[PDB]
Amino acid sequence: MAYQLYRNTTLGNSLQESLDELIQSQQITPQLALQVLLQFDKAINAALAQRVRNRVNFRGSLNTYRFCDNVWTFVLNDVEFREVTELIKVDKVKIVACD
Amino acid sequence: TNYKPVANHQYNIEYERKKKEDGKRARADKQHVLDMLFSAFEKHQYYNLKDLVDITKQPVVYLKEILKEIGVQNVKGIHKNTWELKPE
Amino acid sequence: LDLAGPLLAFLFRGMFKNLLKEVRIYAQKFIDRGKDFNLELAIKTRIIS
Amino acid sequence: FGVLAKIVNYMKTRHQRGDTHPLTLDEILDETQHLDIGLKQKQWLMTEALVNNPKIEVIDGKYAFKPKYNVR
Amino acid sequence: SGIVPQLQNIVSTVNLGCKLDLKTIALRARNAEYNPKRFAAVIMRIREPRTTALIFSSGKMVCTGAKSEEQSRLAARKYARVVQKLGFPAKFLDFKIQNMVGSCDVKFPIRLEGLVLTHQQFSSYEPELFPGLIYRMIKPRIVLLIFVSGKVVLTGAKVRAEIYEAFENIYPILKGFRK
Amino acid sequence: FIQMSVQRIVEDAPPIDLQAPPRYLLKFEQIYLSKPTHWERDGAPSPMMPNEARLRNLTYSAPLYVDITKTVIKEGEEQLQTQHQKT
Amino acid sequence: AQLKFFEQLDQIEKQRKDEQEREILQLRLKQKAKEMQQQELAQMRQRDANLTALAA
Amino acid sequence: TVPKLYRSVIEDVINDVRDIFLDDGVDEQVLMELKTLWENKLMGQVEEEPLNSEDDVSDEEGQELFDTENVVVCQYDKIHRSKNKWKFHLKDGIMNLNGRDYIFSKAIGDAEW
């Protein structure tokens with residue numbers, strides 16, 4: 001019942017691995033694990049929407065892009081993420097966007 | 001100052017902007033449309049096509065095709081002949 | 001004795017009732033369509049004139 | 001109960017396959033991506049209520065032969 | 001005349017002869033985008049020909065942006081090959097150049113007012129709607145956008161011969177209205 | 001008639017209520033009347049003398065204008081009030 | 001397990017004691033109506049998660 | 001900073017899953033065990049039908065298969081492109097650059113194709 005964007009990240013992967021361990025131990029049912037994932041998606045969406053109040057900038061070049069079902073899958077190279085406080089350099093990046 | 005020349009009326013441009021931003025309703029897959037229709041019928045026994053189109057968010061022609069496949073039009077003596085989402 | 005004034009007042013009351021009637025109809029169509037309505041376009045001057 | 005009418009639509013497409021065979025509810029629920037818990041029990045109460053009016057024939061044993069007229 | 005129009009964009013349609021899955025093409029293609037709410041086709045872009053192609057589920061495709069006929073044909077073939085590599089039985093059937101656009105400069109200002117007065121039957125000059133005069137040539141079915149700066153843009157041509165013939169026809173007329 | 005009755009009729013005319021959700025209210029407040037005027041084919045207004053009206057078969061009429069306040073309640077807890085002067 | 005059966009009977013009274021308030025009186029009905037609206041958006045919102053996982 | 005936001009997210013997640021754990025009838029110790037393990041884990045061709053006349057007209061498709069490089073997942077408000085450049089109003093989201101995570105609200109991007 002949620003976008004589930006952040007599942008394929010460090011946080012979502014750690015949560016999924018923990019749920020897998022409990023499933024292996026029979027402590028939790030897979031339906032409960034799925035419910036936990038859904039609730040996590042809701043909570044993380046709300047938390048990023050509310051408690052984040054910082055702007056970022058970035059520049060670079062684009063090598064590929066895709067769009068389907070309101071899902072952008074940009075693929076940039078030699079990106080420079082510039083922020084007023086710090087600057088980060090990356091050789092390649094994949095930007096997945098949804099709405 | 002009345003009827004001052006204008007390229008386009010403010011209400012007209014606002015409505016056109018709303019239409020463009022919303023975009024035309026897309027033709028979704030038959031399985032998903034059918035599931036949404038069955039869910040709607042659970043909430044209400046009888047549905048009018050105009051409101052069912054709003055609920056499903058699908059093109060009128062495509063929705064009418066899918067609804068002709070399963071549901072059936074019943075003539076009523078109270079308001080008008082309307083669709084019935086029960087396949088039988 | 002109904003002079004020019006009262007007679008014209010009667011006619012004008014009738015025509016203003018009309019004017020508001022067409023104003024209501026024109027605005028109601030746009031409101032039903034969901035779009036705002038232009039007051040100047042809603043008015044028919046030929047009614048009174 | 002809506003999922004139940006969806007199962008009816010599923011077995012209708014199953015007729016459309018022409019490979020109609022005596023079945024049961026668990027395999028359909030699996031192939032339609034749905035589980036087997038007490039929810040299946042309440043929906044099976046609804047399903048037996050259906051078996052009281054299954055114009056789309058759903059008998060308990062060897063079954064599912066909907067069409068009142070059916071030869072090929 | 002000493003001036004030859006240079007093509008700025010070519011439109012060509014070709015039928016692949018097989019139905020396609022727009023969602024699958026959008027998901028698997030490199031530069032393709034698919035917004036059924038906005039448009040019913042799939043818009044793809046290839047940089048090396050520097051062109052854009054719209055692909056429909058009916059199997060027909062439209063290629064635009066090609067500066068030359070050879071470039072247009074090669075780009076259409078490349079798009080068809082991409083769709084084929086995506087596993088579909090895409091082919092190259094009835095490729096045709098539907099429209100060609102060319103541009104040029106006459107290198108002198110033009111009196112569009114005199115031009116429209118002389119050729120009202122073919123001319124249409126409405127500064128309110130568009131500053132450029134629209135001329136509808138009959139013998140070639142070409143539409144020319146003539147501008148006071150001297151720039152001339154021809155459109156509606158199916159072959160480069162039509163573009164060149166239309167410019168050859170119009171140049172003597174424009175020379176008579178040199179400013 | 002011109003000074004009292006026209007203005008009083010406009011005032012006594014009930015406010016127009018529309019709703020079909022946002023609702024609009026139209027109220028006619030004030031009457032304005034200019035001197036008798038004639039518009040040429042080019043659209044330029046000019047005062048119309050009675051002798052000119054007699055000779056040219058015109059109607060000795062004065063333009064009539066009303067101040068109209070339109071208030072829209074969108075149900076969003078804000079109402080927008082716009083006044084059209086001398087419609 | 002017998003105690004779990006008793007807890008299930010108590011959950012039925014939550015709704016069943018409440019059901020007597022229904023008919024006599026609609027908040028529960030409103031909540032149910034709202035729930036269906038959440039499900040409609042979910043399926044659309046969910047569709048994105050499966051494809052985004054494939055994309056990334 | 002980011003760890004503190006993570007702890008707040010932990011609090012929100014546990015609070016949000018308490019009601020589901022009551023609904024499904026499962027004991028509450030599951031949440032404690034889940035949090036413990038989660039924290040531990042974290043820290044002239046006239047016959048034109050044949051298309052084989054051209055080859056190597058593509059690029060390596062293994063980038064999307066790998067996805068091992070840095071990944072940014074966010075939401076987009078406006079995305080415009082004018083014939084060369086792609087412009088990005090990406091709103092609040094998350095970024096995974098060199099393992100370290102970044103959090104942002106407004107992201108502005110310009111890229112060339």
# chains A, B, ... in the order shown; residues from 1 in each chain; ligands from 1
>>> select_by_dssp(residues="chain H", states="alpha helix (DSSP H)", output="compact mmCIF listing (two decimals) with N, CA, C and O atoms, in the first residue's frame")
# COMPACT_ATOMS: atom_id res chain seq x y z
N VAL H 2 22.96 12.32 10.11
CA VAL H 2 22.25 11.23 9.43
C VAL H 2 21.96 10.08 10.39
O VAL H 2 20.84 9.54 10.34
N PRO H 3 22.89 9.65 11.24
CA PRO H 3 22.53 8.62 12.23
C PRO H 3 21.39 9.04 13.14
O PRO H 3 20.54 8.22 13.49
N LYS H 4 21.36 10.31 13.56
CA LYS H 4 20.27 10.78 14.41
C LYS H 4 18.93 10.71 13.68
O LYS H 4 17.92 10.29 14.25
N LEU H 5 18.92 11.10 12.40
CA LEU H 5 17.72 10.94 11.59
C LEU H 5 17.33 9.47 11.51
O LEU H 5 16.14 9.12 11.54
N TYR H 6 18.32 8.58 11.39
CA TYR H 6 18.04 7.15 11.36
C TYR H 6 17.38 6.68 12.65
O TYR H 6 16.45 5.88 12.61
N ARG H 7 17.87 7.16 13.80
CA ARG H 7 17.26 6.77 15.07
C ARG H 7 15.81 7.27 15.16
O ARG H 7 14.92 6.55 15.64
N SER H 8 15.56 8.50 14.72
CA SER H 8 14.19 8.99 14.69
C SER H 8 13.32 8.12 13.79
O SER H 8 12.16 7.84 14.11
N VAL H 9 13.87 7.69 12.65
CA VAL H 9 13.14 6.80 11.75
C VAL H 9 12.85 5.48 12.44
O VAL H 9 11.78 4.88 12.25
N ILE H 10 13.80 4.97 13.23
CA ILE H 10 13.57 3.74 13.98
C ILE H 10 12.37 3.92 14.91
O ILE H 10 11.49 3.05 15.00
N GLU H 11 12.35 5.03 15.65
CA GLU H 11 11.24 5.28 16.56
C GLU H 11 9.91 5.32 15.80
O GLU H 11 8.92 4.70 16.22
N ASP H 12 9.89 6.04 14.68
CA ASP H 12 8.66 6.12 13.89
C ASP H 12 8.22 4.75 13.40
O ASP H 12 7.04 4.41 13.44
N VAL H 13 9.17 3.93 12.94
CA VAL H 13 8.84 2.62 12.39
C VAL H 13 8.26 1.72 13.46
O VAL H 13 7.25 1.03 13.25
N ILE H 14 8.90 1.68 14.64
CA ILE H 14 8.39 0.82 15.71
C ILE H 14 7.00 1.27 16.14
O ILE H 14 6.09 0.45 16.32
N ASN H 15 6.81 2.59 16.29
CA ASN H 15 5.49 3.09 16.66
C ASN H 15 4.45 2.73 15.61
O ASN H 15 3.31 2.40 15.95
N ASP H 16 4.82 2.80 14.33
CA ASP H 16 3.89 2.49 13.26
C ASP H 16 3.56 1.00 13.17
O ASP H 16 2.45 0.65 12.74
N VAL H 17 4.48 0.12 13.56
CA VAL H 17 4.24 -1.32 13.47
C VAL H 17 3.62 -1.90 14.74
O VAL H 17 3.18 -3.07 14.72
N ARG H 18 3.59 -1.15 15.84
CA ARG H 18 2.95 -1.66 17.05
C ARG H 18 1.50 -2.07 16.79
O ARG H 18 1.05 -3.14 17.24
N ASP H 19 0.74 -1.22 16.09
CA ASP H 19 -0.67 -1.51 15.88
C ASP H 19 -0.87 -2.76 15.04
O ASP H 19 -1.79 -3.55 15.28
N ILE H 20 -0.02 -2.96 14.03
CA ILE H 20 -0.12 -4.17 13.21
C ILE H 20 0.23 -5.40 14.04
O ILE H 20 -0.38 -6.46 13.89
N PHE H 21 1.23 -5.28 14.91
CA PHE H 21 1.59 -6.40 15.77
C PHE H 21 0.46 -6.74 16.74
O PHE H 21 0.31 -7.91 17.12
N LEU H 22 -0.32 -5.75 17.16
CA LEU H 22 -1.51 -6.06 17.95
C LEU H 22 -2.62 -6.65 17.09
O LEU H 22 -3.35 -7.54 17.55
N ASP H 23 -2.78 -6.17 15.85
CA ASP H 23 -3.85 -6.66 14.99
C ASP H 23 -3.65 -8.13 14.65
O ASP H 23 -4.61 -8.91 14.65
N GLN H 29 7.51 -9.01 21.68
CA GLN H 29 8.95 -9.26 21.71
C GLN H 29 9.55 -9.33 20.30
O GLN H 29 10.76 -9.13 20.14
N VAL H 30 8.72 -9.62 19.30
CA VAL H 30 9.20 -9.67 17.92
C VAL H 30 9.80 -8.33 17.52
O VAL H 30 10.82 -8.27 16.83
N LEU H 31 9.16 -7.23 17.93
CA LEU H 31 9.67 -5.91 17.57
C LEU H 31 11.05 -5.65 18.18
O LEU H 31 11.94 -5.12 17.51
N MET H 32 11.23 -6.02 19.45
CA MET H 32 12.53 -5.84 20.08
C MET H 32 13.60 -6.65 19.36
O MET H 32 14.69 -6.15 19.08
N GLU H 33 13.30 -7.92 19.06
CA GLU H 33 14.28 -8.75 18.37
C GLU H 33 14.59 -8.18 16.98
O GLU H 33 15.75 -8.19 16.54
N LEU H 34 13.56 -7.68 16.29
CA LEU H 34 13.75 -7.10 14.97
C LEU H 34 14.68 -5.89 15.05
O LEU H 34 15.58 -5.74 14.23
N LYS H 35 14.45 -5.01 16.02
CA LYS H 35 15.29 -3.83 16.16
C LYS H 35 16.73 -4.22 16.46
O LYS H 35 17.68 -3.66 15.90
N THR H 36 16.92 -5.20 17.36
CA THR H 36 18.27 -5.64 17.68
C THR H 36 18.99 -6.14 16.43
O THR H 36 20.11 -5.69 16.12
N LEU H 37 18.37 -7.06 15.69
CA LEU H 37 19.04 -7.60 14.51
C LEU H 37 19.24 -6.54 13.44
O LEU H 37 20.27 -6.53 12.76
N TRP H 38 18.28 -5.64 13.27
CA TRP H 38 18.40 -4.58 12.27
C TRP H 38 19.59 -3.67 12.58
O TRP H 38 20.40 -3.38 11.69
N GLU H 39 19.72 -3.25 13.84
CA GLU H 39 20.85 -2.42 14.22
C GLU H 39 22.17 -3.17 14.04
O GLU H 39 23.15 -2.61 13.54
N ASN H 40 22.21 -4.45 14.43
CA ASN H 40 23.44 -5.21 14.29
C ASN H 40 23.84 -5.35 12.83
O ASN H 40 25.02 -5.19 12.48
N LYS H 41 22.87 -5.64 11.95
CA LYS H 41 23.18 -5.79 10.53
C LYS H 41 23.66 -4.48 9.92
O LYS H 41 24.60 -4.47 9.13
N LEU H 42 23.01 -3.36 10.27
CA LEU H 42 23.47 -2.08 9.74
C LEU H 42 24.88 -1.76 10.23
O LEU H 42 25.81 -1.61 9.42
N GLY H 62 25.18 -4.08 -19.21
CA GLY H 62 25.48 -4.58 -17.89
C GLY H 62 25.47 -3.54 -16.78
O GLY H 62 25.52 -3.92 -15.61
N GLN H 63 25.40 -2.25 -17.12
CA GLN H 63 25.36 -1.23 -16.07
C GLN H 63 24.11 -1.36 -15.21
O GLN H 63 24.19 -1.39 -13.98
N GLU H 64 22.96 -1.51 -15.89
CA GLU H 64 21.63 -1.64 -15.23
C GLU H 64 21.55 -2.99 -14.52
O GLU H 64 20.80 -3.10 -13.53
N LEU H 65 22.24 -4.01 -15.03
CA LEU H 65 22.30 -5.32 -14.39
C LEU H 65 23.11 -5.27 -13.11
O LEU H 65 22.73 -5.86 -12.09
N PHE H 66 24.25 -4.57 -13.14
CA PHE H 66 25.10 -4.47 -11.96
C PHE H 66 24.43 -3.62 -10.88
O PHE H 66 24.16 -4.10 -9.78
>>> residues_around(residues="residue F:6", least_positions_apart="4", cutoff="8 Å", atoms="only C-alpha atoms", output="ChimeraX atom specification")
/C:9,12 /F:1-2,10,31
>>> residues_around(residues="residue A:78", least_positions_apart="6", cutoff="6 Å", atoms="only C-alpha atoms", output="NGL selection string")
:A and (60 or 90-92)
>>> write_last_selection(atoms="N, CA and C atoms", output="tab-separated table (two decimals), in the first residue's frame")
chain	number	residue	atom	x	y	z
A	60	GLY	N	26.39	17.51	-14.17
A	60	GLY	CA	27.11	16.41	-14.79
A	60	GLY	C	26.65	16.20	-16.22
A	90	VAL	N	31.51	12.07	-8.09
A	90	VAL	CA	31.16	10.69	-8.38
A	90	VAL	C	31.35	10.43	-9.86
A	91	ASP	N	31.89	9.25	-10.20
A	91	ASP	CA	32.14	8.93	-11.59
A	91	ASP	C	30.85	8.60	-12.34
A	92	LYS	N	29.93	7.88	-11.69
A	92	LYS	CA	28.67	7.51	-12.31
A	92	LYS	C	27.59	7.44	-11.25
>>> residues_around(residues="stretch 37-51 of chain B", least_positions_apart="6", cutoff="7 Å", atoms="only C-alpha atoms", output="list in words")
residues 82, 83, 84 and 85 of chain B; 2 of chain D
>>> residues_around(residues="residue E:82", least_positions_apart="6", cutoff="12 Å", atoms="only C-alpha atoms", output="PDB file with N, CA, C and O atoms, in the first residue's frame")
ATOM      1  N   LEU E  16       6.809  -1.422 -39.386  1.00  0.00           N
ATOM      2  CA  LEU E  16       7.587  -2.576 -38.958  1.00  0.00           C
ATOM      3  C   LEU E  16       6.891  -3.898 -39.240  1.00  0.00           C
ATOM      4  O   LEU E  16       7.538  -4.947 -39.170  1.00  0.00           O
ATOM      5  N   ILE E  25       8.863  -2.158 -24.549  1.00  0.00           N
ATOM      6  CA  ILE E  25       9.863  -1.356 -25.241  1.00  0.00           C
ATOM      7  C   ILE E  25      10.367  -0.236 -24.340  1.00  0.00           C
ATOM      8  O   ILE E  25      11.568   0.056 -24.305  1.00  0.00           O
ATOM      9  N   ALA E  26       9.466   0.410 -23.599  1.00  0.00           N
ATOM     10  CA  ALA E  26       9.889   1.460 -22.680  1.00  0.00           C
ATOM     11  C   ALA E  26      10.808   0.905 -21.595  1.00  0.00           C
ATOM     12  O   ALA E  26      11.816   1.527 -21.250  1.00  0.00           O
ATOM     13  N   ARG E  28      12.749  -1.828 -21.644  1.00  0.00           N
ATOM     14  CA  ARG E  28      14.008  -2.429 -22.079  1.00  0.00           C
ATOM     15  C   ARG E  28      14.862  -1.522 -22.952  1.00  0.00           C
ATOM     16  O   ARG E  28      16.072  -1.744 -23.051  1.00  0.00           O
ATOM     17  N   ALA E  29      14.280  -0.512 -23.591  1.00  0.00           N
ATOM     18  CA  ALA E  29      15.033   0.348 -24.489  1.00  0.00           C
ATOM     19  C   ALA E  29      15.954   1.282 -23.705  1.00  0.00           C
ATOM     20  O   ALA E  29      15.822   1.458 -22.493  1.00  0.00           O
ATOM     21  N   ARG E  30      16.897   1.888 -24.427  1.00  0.00           N
ATOM     22  CA  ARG E  30      17.894   2.745 -23.795  1.00  0.00           C
ATOM     23  C   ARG E  30      17.353   4.148 -23.554  1.00  0.00           C
ATOM     24  O   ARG E  30      17.283   4.613 -22.410  1.00  0.00           O
ATOM     25  N   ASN E  31      16.970   4.847 -24.625  1.00  0.00           N
ATOM     26  CA  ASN E  31      16.560   6.246 -24.547  1.00  0.00           C
ATOM     27  C   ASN E  31      15.061   6.432 -24.734  1.00  0.00           C
ATOM     28  O   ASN E  31      14.611   7.557 -24.972  1.00  0.00           O
ATOM     29  N   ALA E  32      14.272   5.366 -24.633  1.00  0.00           N
ATOM     30  CA  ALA E  32      12.846   5.456 -24.897  1.00  0.00           C
ATOM     31  C   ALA E  32      12.082   5.936 -23.667  1.00  0.00           C
ATOM     32  O   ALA E  32      12.454   5.659 -22.523  1.00  0.00           O
ATOM     33  N   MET E  44      11.610   7.816 -28.668  1.00  0.00           N
ATOM     34  CA  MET E  44      12.990   7.390 -28.498  1.00  0.00           C
ATOM     35  C   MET E  44      13.890   8.360 -29.247  1.00  0.00           C
ATOM     36  O   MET E  44      13.459   9.013 -30.198  1.00  0.00           O
ATOM     37  N   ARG E  45      15.136   8.471 -28.801  1.00  0.00           N
ATOM     38  CA  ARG E  45      16.083   9.403 -29.396  1.00  0.00           C
ATOM     39  C   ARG E  45      17.425   8.716 -29.591  1.00  0.00           C
ATOM     40  O   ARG E  45      17.894   7.991 -28.707  1.00  0.00           O
ATOM     41  N   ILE E  46      18.044   8.951 -30.747  1.00  0.00           N
ATOM     42  CA  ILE E  46      19.384   8.449 -31.030  1.00  0.00           C
ATOM     43  C   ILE E  46      20.270   9.629 -31.400  1.00  0.00           C
ATOM     44  O   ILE E  46      19.934  10.406 -32.306  1.00  0.00           O
ATOM     45  N   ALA E  53      12.300   9.329 -32.783  1.00  0.00           N
ATOM     46  CA  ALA E  53      11.342   8.449 -33.434  1.00  0.00           C
ATOM     47  C   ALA E  53      10.221   8.085 -32.473  1.00  0.00           C
ATOM     48  O   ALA E  53      10.466   7.768 -31.305  1.00  0.00           O
ATOM     49  N   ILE E  55       7.214   5.372 -31.874  1.00  0.00           N
ATOM     50  CA  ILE E  55       6.850   4.001 -32.213  1.00  0.00           C
ATOM     51  C   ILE E  55       5.488   3.705 -31.602  1.00  0.00           C
ATOM     52  O   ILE E  55       5.273   3.945 -30.407  1.00  0.00           O
ATOM     53  N   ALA E  75      18.516   6.197 -39.652  1.00  0.00           N
ATOM     54  CA  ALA E  75      17.957   6.302 -38.308  1.00  0.00           C
ATOM     55  C   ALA E  75      16.738   5.405 -38.145  1.00  0.00           C
ATOM     56  O   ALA E  75      16.560   4.767 -37.099  1.00  0.00           O
ATOM     57  N   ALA E  76      15.875   5.358 -39.158  1.00  0.00           N
ATOM     58  CA  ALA E  76      14.719   4.468 -39.096  1.00  0.00           C
ATOM     59  C   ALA E  76      15.166   3.013 -38.992  1.00  0.00           C
ATOM     60  O   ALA E  76      14.617   2.233 -38.204  1.00  0.00           O
ATOM     61  N   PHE E  88      11.396  -8.365 -30.796  1.00  0.00           N
ATOM     62  CA  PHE E  88      10.250  -8.326 -31.683  1.00  0.00           C
ATOM     63  C   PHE E  88      10.673  -8.596 -33.127  1.00  0.00           C
ATOM     64  O   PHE E  88      11.829  -8.359 -33.497  1.00  0.00           O
ATOM     65  N   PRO E  89       9.751  -9.099 -33.975  1.00  0.00           N
ATOM     66  CA  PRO E  89      10.050  -9.342 -35.391  1.00  0.00           C
ATOM     67  C   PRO E  89       9.945  -8.082 -36.250  1.00  0.00           C
ATOM     68  O   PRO E  89       9.267  -8.061 -37.279  1.00  0.00           O
ATOM     69  N   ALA E  90      10.629  -7.021 -35.823  1.00  0.00           N
ATOM     70  CA  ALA E  90      10.553  -5.749 -36.528  1.00  0.00           C
ATOM     71  C   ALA E  90      11.181  -5.860 -37.912  1.00  0.00           C
ATOM     72  O   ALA E  90      12.216  -6.508 -38.095  1.00  0.00           O
ATOM     73  N   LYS E  91      10.543  -5.220 -38.891  1.00  0.00           N
ATOM     74  CA  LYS E  91      11.053  -5.194 -40.257  1.00  0.00           C
ATOM     75  C   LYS E  91      11.127  -3.759 -40.763  1.00  0.00           C
ATOM     76  O   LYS E  91      10.861  -2.812 -40.016  1.00  0.00           O
TER      77      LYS E  91
ATOM     78  N   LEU H  51      17.946  -6.825 -41.017  1.00  0.00           N
ATOM     79  CA  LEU H  51      18.567  -5.790 -40.200  1.00  0.00           C
ATOM     80  C   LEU H  51      19.986  -6.150 -39.774  1.00  0.00           C
ATOM     81  O   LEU H  51      20.623  -5.363 -39.065  1.00  0.00           O
ATOM     82  N   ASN H  52      20.493  -7.313 -40.187  1.00  0.00           N
ATOM     83  CA  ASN H  52      21.838  -7.740 -39.816  1.00  0.00           C
ATOM     84  C   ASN H  52      22.928  -6.971 -40.548  1.00  0.00           C
ATOM     85  O   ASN H  52      24.103  -7.123 -40.203  1.00  0.00           O
ATOM     86  N   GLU H  54      23.804  -4.088 -40.206  1.00  0.00           N
ATOM     87  CA  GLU H  54      24.477  -3.278 -39.206  1.00  0.00           C
ATOM     88  C   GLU H  54      24.684  -4.098 -37.939  1.00  0.00           C
ATOM     89  O   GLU H  54      23.842  -4.921 -37.569  1.00  0.00           O
ATOM     90  N   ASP H  55      25.812  -3.864 -37.277  1.00  0.00           N
ATOM     91  CA  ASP H  55      26.154  -4.596 -36.066  1.00  0.00           C
ATOM     92  C   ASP H  55      26.887  -3.664 -35.114  1.00  0.00           C
ATOM     93  O   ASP H  55      27.441  -2.638 -35.521  1.00  0.00           O
ATOM     94  N   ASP H  56      26.885  -4.038 -33.836  1.00  0.00           N
ATOM     95  CA  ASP H  56      27.510  -3.231 -32.785  1.00  0.00           C
ATOM     96  C   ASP H  56      26.940  -1.815 -32.775  1.00  0.00           C
ATOM     97  O   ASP H  56      27.672  -0.833 -32.634  1.00  0.00           O
ATOM     98  N   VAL H  57      25.624  -1.711 -32.922  1.00  0.00           N
ATOM     99  CA  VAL H  57      24.934  -0.429 -32.892  1.00  0.00           C
ATOM    100  C   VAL H  57      24.364  -0.137 -31.503  1.00  0.00           C
ATOM    101  O   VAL H  57      23.493   0.721 -31.359  1.00  0.00           O
ATOM    102  N   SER H  58      24.841  -0.840 -30.478  1.00  0.00           N
ATOM    103  CA  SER H  58      24.357  -0.656 -29.117  1.00  0.00           C
ATOM    104  C   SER H  58      25.525  -0.475 -28.159  1.00  0.00           C
ATOM    105  O   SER H  58      26.681  -0.373 -28.586  1.00  0.00           O
ATOM    106  N   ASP H  59      25.237  -0.434 -26.860  1.00  0.00           N
ATOM    107  CA  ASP H  59      26.249  -0.298 -25.824  1.00  0.00           C
ATOM    108  C   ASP H  59      26.074  -1.429 -24.818  1.00  0.00           C
ATOM    109  O   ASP H  59      25.125  -2.214 -24.888  1.00  0.00           O
TER     110      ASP H  59
END
>>> residues_around(residues="residue D:26", least_positions_apart="2", cutoff="12 Å", atoms="only C-alpha atoms", output="VMD selection string")
chain D and resid 7 23 to 24 28 to 37 40 to 41 43 to 44
>>> write_last_selection(atoms="N, CA, C and O atoms", output="compact mmCIF listing (two decimals), in the first residue's frame")
# COMPACT_ATOMS: atom_id res chain seq x y z
N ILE D 7 -12.46 -15.16 -8.34
CA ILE D 7 -12.21 -16.59 -8.56
C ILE D 7 -13.19 -17.15 -9.57
O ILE D 7 -12.84 -18.00 -10.39
N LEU D 23 -11.30 -29.74 -9.79
CA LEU D 23 -10.32 -28.94 -9.06
C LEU D 23 -10.74 -28.79 -7.61
O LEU D 23 -11.63 -29.49 -7.12
N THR D 24 -10.05 -27.90 -6.91
CA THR D 24 -10.43 -27.46 -5.57
C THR D 24 -10.00 -26.01 -5.39
O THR D 24 -9.49 -25.38 -6.31
N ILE D 28 -6.48 -22.95 -6.97
CA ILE D 28 -6.91 -21.69 -7.57
C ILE D 28 -6.38 -20.51 -6.76
O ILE D 28 -5.87 -19.54 -7.32
N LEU D 29 -6.50 -20.58 -5.43
CA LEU D 29 -6.05 -19.47 -4.60
C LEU D 29 -4.55 -19.26 -4.74
O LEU D 29 -4.06 -18.13 -4.70
N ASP D 30 -3.80 -20.35 -4.89
CA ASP D 30 -2.36 -20.24 -5.11
C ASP D 30 -2.06 -19.60 -6.45
O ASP D 30 -1.27 -18.64 -6.54
N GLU D 31 -2.68 -20.11 -7.52
CA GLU D 31 -2.40 -19.59 -8.86
C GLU D 31 -2.90 -18.16 -9.02
O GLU D 31 -2.42 -17.42 -9.88
N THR D 32 -3.87 -17.74 -8.20
CA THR D 32 -4.34 -16.37 -8.23
C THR D 32 -3.63 -15.48 -7.21
O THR D 32 -4.09 -14.36 -6.97
N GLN D 33 -2.52 -15.95 -6.66
CA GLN D 33 -1.72 -15.19 -5.70
C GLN D 33 -2.53 -14.79 -4.47
O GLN D 33 -2.66 -13.60 -4.17
N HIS D 34 -3.08 -15.77 -3.76
CA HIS D 34 -3.78 -15.55 -2.51
C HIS D 34 -3.50 -16.72 -1.57
O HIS D 34 -3.19 -17.83 -2.00
N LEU D 35 -3.63 -16.45 -0.27
CA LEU D 35 -3.14 -17.35 0.76
C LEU D 35 -4.22 -18.32 1.25
O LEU D 35 -5.37 -18.28 0.82
N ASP D 36 -3.82 -19.20 2.16
CA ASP D 36 -4.68 -20.22 2.75
C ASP D 36 -4.64 -20.10 4.27
O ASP D 36 -3.85 -20.79 4.92
N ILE D 37 -5.51 -19.25 4.82
CA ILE D 37 -5.66 -19.07 6.26
C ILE D 37 -7.14 -18.97 6.58
O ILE D 37 -7.98 -19.12 5.69
N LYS D 40 -9.43 -17.79 4.14
CA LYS D 40 -9.98 -18.77 3.21
C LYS D 40 -11.19 -19.47 3.80
O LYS D 40 -12.10 -19.85 3.08
N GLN D 41 -11.24 -19.62 5.13
CA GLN D 41 -12.38 -20.29 5.75
C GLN D 41 -13.64 -19.42 5.71
O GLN D 41 -14.72 -19.90 5.38
N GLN D 43 -14.15 -16.92 3.58
CA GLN D 43 -14.49 -16.83 2.17
C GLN D 43 -15.01 -18.16 1.65
O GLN D 43 -15.72 -18.20 0.65
N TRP D 44 -14.72 -19.26 2.34
CA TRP D 44 -15.29 -20.54 1.94
C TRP D 44 -16.71 -20.69 2.48
O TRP D 44 -17.54 -21.39 1.88
>>> interface_residues(of="chain B", to="chain C", cutoff="12 Å", atoms="only C-alpha atoms", output="list in words")
residues 1, 2, 3, 4, 8, 9, 10, 11, 12, 13, 14, 15, 16, 18 and 19 of chain B
>>> closest_residue(among="C:42, C:26, C:48, C:13", to="chain F", atoms="only C-alpha atoms")
C:13
>>> interface_residues(of="chain F", to="chain C", cutoff="10 Å", atoms="only C-alpha atoms", output="ChimeraX atom specification")
/F:1-2,4-6,8-10,12-24,26,61-64,68-70,72,84,87
>>> residues_around(residues="stretch 23-29 of chain B", least_positions_apart="6", cutoff="8 Å", atoms="only C-alpha atoms", output="list in words")
residues 57, 58, 59 and 62 of chain B; 36, 37 and 38 of chain E
>>> interface_residues(of="chain H", to="chain A", cutoff="6 Å", atoms="only C-alpha atoms", output="VMD selection string")
chain H and resid 13 37 to 38 70 to 76 104 to 113
>>> atom_distance(atom1="atom CA of residue E:123", atom2="atom CA of residue E:168")
17.1 Å
>>> interface_residues(of="chain E", to="chain B", cutoff="12 Å", atoms="only C-alpha atoms", output="ChimeraX atom specification")
/E:23,34-40,128-129
>>> decode(residues="stretch 52-56 of chain D", atoms="C-alpha atoms", output="compact mmCIF listing (two decimals), in the first residue's frame")
# COMPACT_ATOMS: atom_id res chain seq x y z
CA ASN D 52 -26.33 -22.56 -2.89
CA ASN D 53 -26.75 -20.30 -5.94
CA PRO D 54 -23.94 -21.29 -8.34
CA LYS D 55 -25.47 -20.59 -11.73
CA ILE D 56 -21.80 -20.66 -12.56
